[PDB]
Every structure is written in structure tokens, then in C-alpha cells.
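Next up: just one chain, as C-alpha cells, the form deposited in one PDB entry.
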């Protein structure tokens, strides 16, 4: 099970339009190419991945890769492996402003919902059209924010002490005292999500908007319970689903700086697992038993060459890592 990687170029934003930024990214099939504005003479570097999403224009274009395309490409495939019983993960990596959340959460407003909102809807919908009767499900969600090696229960604002990430002698890492709520409908789960997104570190310098030096981890513990029409035992399947929103790149955020090391290591294959909490919490989902996929968002702007390239490179290695 080799990690699957996809990159995505968004449309110009407020900053870029001011600087009259030219676009340096081009896409064709499964390949992305970036140009060096400083060195327009040499030949642009190319990159081939599982998916190169071109979303620089708008939904009116025939070649715009909408939230539906992304979801159905990776989302529907991971939620699957989740049903086949595997643990799964999807995380958005990249420079801040490149589009990491939009690919994950997006804007509920009219079909803009991203990977998380859509995955849940898909799950709860699958669970329901299951008119079988030997099948019983359960779904428990958790949402947290990891800023400064500090875990924050985004669904229990009442608590302000940073939750302690611990290692179980026999079961692995887990965040002590972390909300784990059962959800019976997508209407119920959608709500919680709405909450957590808000409860997010207000922080400033970001304009008083969900500052992003921390990771928004969205865990979905899906439980399948099959009944054996004879012996009254129930085969219980259990798969964990993590949907991460990594703080921007740009370059302390140990976690990010550490995930790179692991990524690279995984690409060179022991690992500085405990070196960071993000990794530690995603021990398996990162390099253990589970199928992982990363979505690297990319700024089209020429003013972000050194940060767009970098992302292409970290995305590049990720392609290798195999679980």
C-alpha cells in the first residue's frame, strides 16, 4: 500500500492579484510543471503524481477540477478501504493560502464542501441504504488542533488545559480525555464539525481567522458489527479515519518540520516518530497499517516559486512511501 499523492493549483487570490502575479504552474494529465520567474531561461521542472488537479480557473471551465472530482478521486476510495476494514488518512500539506482547508472543509455554501464534509455524507449515506439486518454500525468522531505540541479538543471548549498525548503500553498513542462522540446522522456530524472549525485558535496576524500554525485532525472511528445468524456472536470491524489540516509550511512548528523527516525517511526506506506529536498520534496512519494519501495544494502565483516548488518536492517524496 503505497501512499497516493495529489497536488492542486487554486485560482489567484487577493494578494496575487495586487502584485499582478503571473501564473507559473501548468498541468497536463498527471504532471505539473513549475516555472522560475527569476530564471525564465532554463527549462521548467516537471512532476508526475497520482493526480495533478488544475483548479486555477472556475467551475465554468471544462477542465476545472472541482471538489467533486477530488473527493470522488481519493475520498470515495479511502472511505472504501475504511469499509473493507482498513484504517485511513488524508492530509492537506502546503504553503498557507494555497488551499489546504478549502480542499478539506471548503465552504458549505453551495457545493463547495471539501473532503471531510463529503466523506461523512458518503459514509452515513452508505450506512443507511444498507437495509440488511445483520449489519449494525456505529460512528464516533473526534476533532482536534495541534498547536505548539499542544492538543486542543475542538469539541469541548469547556476545557482549556492542553490534552496529554500518551502512549499505551499495549495499544499505542492516544489523547487523554479527548471527546469521542457517537453520531447517528450526517446532520448531527455536520454540526459538530461546524463547531470545532470555530473553536479553532482565533490567533491574529492571520486577520483574526483560524490561524494556521496548527493541525486540524478529524478522526472518524467507524465500527461495523455483523451478526451471525446462528451463533450469537457479532464480528466487529473497526477502522480509524483521520483527516488532517497541517499548519502551513513556509521555510518553527516542530510537527511539520518533523513530518518532513519521517516522509523523507519513509521515502528512503526506526523514525523520529516520537520526535513530534503529530507523527506520534498518526503512528500507523502515517507509516503503520493503513492506506494514506496527501493532497498538496499549490499557489499559482509567481511570487510563491520558492514555496510552491518546495511543496512539489515534499509532495514528490510522499509518492514513494509505502505502507
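Numbering follows the first chain given and starts at 1. Rigid core (definition): largest C-alpha set, two forms, superposition within 1.5 Å.
Coordinates for residue 204 are absent from at least a third of the other compared entries of this protein that model residues on both sides of it.
Per the records, residue 81 is modelled in every other compared entry, just as the shown structure includes it, so no third of them leave it out. Going from residue 269 to residue 270, you skip over 10 or more residues of the deposited sequence that the entry leaves unmodelled. Counting the deposited residues that fall between residue 251 and residue 252 and carry no coordinates gives a value of 10 or more. In this entry, 76-84 has the higher mean Cα B-factor, the comparison being between 76-84 and 96-104.
Legend: mean Cα B-factor per stretch from the PDB entry, 130-138 versus 204-212; the higher mean is in 204-212.
Out of 32, 55, 257, 292, the entry records its largest CA B-factor for 257. The entry assigns its greatest Cα B factor, within the set 151, 170, 233, 247, to 233. Among all modelled residues in its chain, residue 239 ranks in the lowest third by Cα B-factor. Ranked against the other modelled residues of its chain, the C-alpha B-factor of residue 7 as given in the entry falls in the lowest third. The PDB entry assigns residue 46 a C-alpha temperature factor belonging to the middle third of its chain's modelled residues.
When the CA B factors of the chain's modelled residues are split into thirds, the value for residue 156 lands in the highest one.
The PDB entry assigns residue 65 a C-alpha temperature factor belonging to the lowest third of its chain's modelled residues.
Just so you know, the form deposited in another entry exists too; it's not on screen, but the next bit is about it.
When the two forms are overlaid on the rigid core, CA displacement between this form and the one not shown of 2 Å or more is confined, within 264, 26, 36, 57, to 264.
Remark: with the core as the superposition reference, the CA shift of residue 190 between this form and the one not shown stays below 2 Å. The rigid-core alignment places the CA of residue 289 2 Å or more apart between this form and the one not shown. For residue 206, the Cα coordinates differ by 2 angstroms or more between this form and the one not shown after the core has been superposed. Cα of residue 204 to Cα of residue 296: at least 3 Å longer in the other form than in the shown structure. Closer approach of the C-alpha atoms of residue 293 and residue 264, by 3 angstroms or more, is seen in the other form than in the present form.
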